[PDB]
Undergrad: 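Have a look at this one before I ask anything.
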2 protein chains.
Amino acid sequence: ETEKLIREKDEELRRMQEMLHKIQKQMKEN
Amino acid sequence: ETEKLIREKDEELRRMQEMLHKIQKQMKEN
């Protein structure tokens with residue numbers, strides 16, 4: 001259970017970085 | 001300034017992942 005919870009938190013942090021990268025790409029296109 | 005701010009947030013997210021990986025390693029070790 002705890003191991004899965006920590007993996008979920010790592011996934012959340014990756015998704016947050018994916019969003020920031022998409023903003024960076026759109027700012028470069030702008 | 002905003003470009004630097006977004007890079008700073010990405011660095012923060014990577015440091016949070018580094019911390020989770022250290023916890024994962026220590027849990028596996030016991």
Side-chain angles (χ1 to χ4, degrees), chain A residues 2-3 5-7 9-30, chain B residues 2-7 9-25 27 29-30:
Chain A
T2 301
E3 287 85 352
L5 169 60
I6 297 169
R7 285 196 300 266
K9 297 298 179 190
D10 206 5
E11 196 271 341
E12 177 179 85
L13 294 169
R14 291 200 293 273
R15 301 282 75 85
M16 291 164 80
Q17 291 176 70
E18 170 185 343
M19 178 168 60
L20 295 183
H21 304 330
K22 177 69 219 84
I23 288 169
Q24 292 172 318
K25 180 186 173 187
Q26 186 64 57
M27 284 176 71
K28 267 290 177 184
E29 295 167 345
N30 292 348
Chain B
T2 305
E3 282 85 351
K4 179 160 187 185
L5 171 61
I6 294 169
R7 286 198 295 274
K9 297 297 176 192
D10 272 331
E11 197 265 345
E12 177 179 313
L13 294 169
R14 293 192 297 270
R15 299 285 68 78
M16 288 165 81
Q17 290 180 304
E18 173 185 341
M19 177 179 67
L20 295 182
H21 300 154
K22 175 71 176 38
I23 287 164
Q24 287 175 319
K25 179 192 72 65
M27 292 176 64
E29 173 192 15
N30 273 248

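Order of the sequence lines fixes the chain letters, A, B, ..., with proteins taken first and strands second; residue numbering starts at 1 for each chain.
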Undergrad: How far does CD of A:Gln26 sit from CD of A:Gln24, to the nearest 0.5 angstrom?
TA: 12.5 Å

Undergrad: Can you check side chain to side chain contact (heavy atoms under 4.5 Å, CB included) on B:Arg7 and B:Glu3, steps first, answer last?
TA: CA-CA 6 Å; B:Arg7 286 198 295 274; B:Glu3 282 85 351; 4.0 Å; yes

Undergrad: Checking A:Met16 now: which residues fulfil side chain to side chain contact (heavy atoms under 4.5 Å, CB included) with it, not counting sequence neighbours?
TA: A:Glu12, A:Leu13, B:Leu13

Undergrad: Measure across B:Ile23 and A:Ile6 and return the closest heavy-atom pair with its distance rounded to 0.1 Å.
TA: CG2-CD1, 3.9 Å

Undergrad: So, B:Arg14 and B:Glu11, do they make that salt bridge, N to O below 4.0 Å?
TA: no

Undergrad: Not counting sequence neighbours, which residues clear side chain to side chain donor-acceptor pair (under 3.5 Å) with B:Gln17? List them please.
TA: A:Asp10, A:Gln17

Undergrad: Give, for atom CG of A:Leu20 and atom NZ of A:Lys25, the distance between the pair rounded to the nearest 0.5 Å.
TA: 15.0 Å

Undergrad: Can you name the side chain to side chain donor-acceptor pair (under 3.5 Å) partners of A:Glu29, sequence neighbours left out?
TA: none

